[PDB]
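To keep things clear, I will list the structure first and then write my remarks on it.
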Amino acid sequence: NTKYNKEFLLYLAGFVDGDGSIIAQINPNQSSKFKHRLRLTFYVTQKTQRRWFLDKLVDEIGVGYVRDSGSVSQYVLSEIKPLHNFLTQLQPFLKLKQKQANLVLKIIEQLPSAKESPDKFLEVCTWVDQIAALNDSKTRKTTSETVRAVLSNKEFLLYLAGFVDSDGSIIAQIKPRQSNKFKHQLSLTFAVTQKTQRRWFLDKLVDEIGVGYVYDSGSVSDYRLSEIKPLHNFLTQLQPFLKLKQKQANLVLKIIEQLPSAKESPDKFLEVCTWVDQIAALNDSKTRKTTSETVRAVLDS
DNA sequence: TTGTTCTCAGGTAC
DNA sequence: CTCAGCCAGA
DNA sequence: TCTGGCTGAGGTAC
DNA sequence: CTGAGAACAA
Ligand SMILES: [Mn+2]
Ligand SMILES: [Mn+2]
Ligand SMILES: [Mn+2]
């Protein structure tokens, strides 16, 4: 029974809350006693270009494996005993998926007894229902009804870095604008996205951080922070703990520090725009229009 | 001239 | 993200 | 009859 | 997730 470091668990709870899954399934299975088999699985999903992160997870947790599904990969942990040991330690730090973890533990503990009685089995299946209801469930087919065809500041920053590495965004932008001396306005943004159903979580962010705002559009919400001074301070505290977006955070800090110098010279303004390009290059950028090359059309002004 | 607020939306990476 | 599923081994 | 390794995909929530 | 851009506020 491996005992995990708290700082590792704190960051991982954040990352799990963002991009991880705690899943309970009822597999139809003829060779099983009650014609169904229970499956409990912990997943962390991540783009394959970042599978080193998931490979590190296997080493750190000490069990489980990584699979590759084309463009995306997953760390997977299914083995019941290590799964129980792991989730028991992760769950005090989970914020969004804590109940799921607790229910999966409850299930694992009643497994022996749930395999000896149809009554017990069915009840355990309703707990699976509860986990699926807590999850962002979409394509669930087999339910328990189907079965009823039986006959401190640092701690906050570690967690937050995990959530940021998973569901957050560190954004640098060059926005075209005639009124600006160099016809462009630099823009820096820290963002955390979450479906509006869960904006209570983003509301907490505003409180614990002290600055920033929550915005809604369609059915998703963002926590955003754009003010240069608070952003510099915030990202200075955060970046030691980031693993996926640390380089972006440092580039944003380096940009902020050079804003004075950038706003006086045309060659330094361009140079800073190339730092913006670098951030976008590190991000999973898809719809970028204005690059530094665009700004290089300053060869008129 | 600049910083910032506020909302929307493309294309995946969950 | 969160399901769906098959197969080999004991 | 049970378990764990392994594969494929629908529909958003990033 | 990570862009876009119109408009308010200095
Ligand atoms: Mn998420
Ligand atoms: Mn992510
Ligand atoms: Mn995500």
Side-chain angles (χ1 to χ4, degrees), chain A residues 16 18-35 37-41 43-50 63-74 76-83 97 100 111 128 131-132 134-137 139-143 164-180 182-189 191-198 212-222 224-231 244-245 248 259 263 276 279-280 282-288 290-291:
Chain A
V16 168
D19 279 343
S21 296
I22 307 183
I23 294 170
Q25 303 177 73
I26 307 158
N27 304 161
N29 184 118
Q30 279 303 113
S31 71
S32 287
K33 189 162 180 282
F34 305 118
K35 304 315 188 186
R37 187 268 273 255
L38 297 185
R39 201 80 194 249
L40 309 162
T41 319
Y43 287 99
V44 178
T45 304
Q46 198 69 193
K47 198 183 188 171
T48 299
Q49 81 168 40
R50 292 189 289 278
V63 57
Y65 58 95
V66 182
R67 63 123 165 204
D68 206 321
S69 273
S71 63
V72 177
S73 292
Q74 281 181 325
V76 191
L77 175 58
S78 272
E79 206 181 339
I80 290 297
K81 179 59 177 173
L83 182 60
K97 295 182 201 272
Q100 290 98 310
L111 247 31
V128 173
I131 296 169
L134 288 169
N135 287 341
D136 285 343
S137 194
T139 65
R140 193 183 182 230
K141 182 190 307 185
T142 303
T143 81
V164 164
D165 273 340
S166 53
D167 278 354
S169 200
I170 294 185
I171 315 172
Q173 294 179 87
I174 306 143
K175 310 193 165 181
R177 193 204 226 162
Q178 294 307 342
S179 58
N180 286 287
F182 304 133
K183 300 299 178 170
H184 297 87
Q185 172 73 44
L186 286 183
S187 187
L188 306 164
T189 312
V192 173
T193 310
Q194 201 67 194
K195 81 191 283 191
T196 297
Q197 174 174 303
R198 285 188 288 275
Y213 300 102
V214 173
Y215 301 101
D216 304 313
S217 195
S219 63
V220 336
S221 298
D222 285 355
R224 270 164 194 264
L225 176 62
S226 272
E227 305 150 74
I228 289 298
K229 239 218 310 82
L231 186 54
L244 302 188
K245 298 168 197 279
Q248 290 100 311
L259 275 180
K263 288 142 63 177
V276 182
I279 291 174
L282 293 160
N283 290 353
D284 294 338
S285 166
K286 296 171 190 321
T287 61
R288 194 173 188 238
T290 307
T291 76

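Per chain, numbering begins at 1; letters A, B, ... match sequence-line order. What you see below is based on every heavy atom in this structure, not just the backbone, and it leaves out hydrogens, waters and symmetry mates.
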Across the strands shown, which category fits A:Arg39 at heavy-atom distances under 4.0 angstrom: base, sugar-phosphate, nothing? base

Over all strands shown, is A:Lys97 touching base, sugar-phosphate only, or nothing at heavy-atom distances under 4.0 angstrom? sugar-phosphate

Look at the side chain of A:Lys97 and the backbone N and O of A:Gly20, then say whether any donor-acceptor pair between them is shorter than 3.5 Å. yes

What's the closest nucleotide to the A:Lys33 side chain, out of B:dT2, D:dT1, B:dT4? D:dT1

Is A:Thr189 touching bases, backbone alone, or none of the nucleic acid, heavy atoms closer than 4.0 Å? nothing

Pick base, sugar-phosphate or nothing for A:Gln194, based on heavy-atom distances below 4.0 Å to the nucleic acid. sugar-phosphate

A:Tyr43 side chain, from C-beta outward: closest of B:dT4, B:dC8, C:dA4: C:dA4

So, is A:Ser169 close to the E:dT2 phosphate, meaning a side-chain N or O under 4.0 Å from OP1 or OP2? yes

Looking across every strand, which nucleic acid part, if any, lies under 4.0 Å from A:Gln25 by heavy atom: base, sugar-phosphate, or nothing? base

I want to check one thing: is the phosphate of C:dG5, taken as OP1 and OP2, less than 4.0 Å away from some side-chain N or O of A:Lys141? yes

Please evaluate the base of B:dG10 for a donor-acceptor partner in the side chain of A:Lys286 within a cut-off of under 3.5 Å? no

Expressed as a whole number of Å, how far does the P atom of B:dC14 sit from that of E:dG3? 15 Å

Look at all strands and tell whether A:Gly70 reaches a base, only sugar-phosphate, or nothing, counting heavy atoms closer than 4.0 Å. nothing

Which of the following nucleotides, B:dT1, C:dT2, B:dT12, is nearest to the side chain of A:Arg67? C:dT2

Could you check whether A:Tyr65 gets within reach of a base, just the sugar-phosphate, or nothing at all, counting any heavy atom under 4.0 Å? base

Using a heavy-atom cut-off of 4.0 Å across all strands, would you classify A:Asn29 as base, sugar-phosphate, or nothing? nothing

Regarding A:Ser71, tell me which of base, sugar-phosphate or nothing describes its non-hydrogen contacts under 4.0 Å with the strands shown. nothing

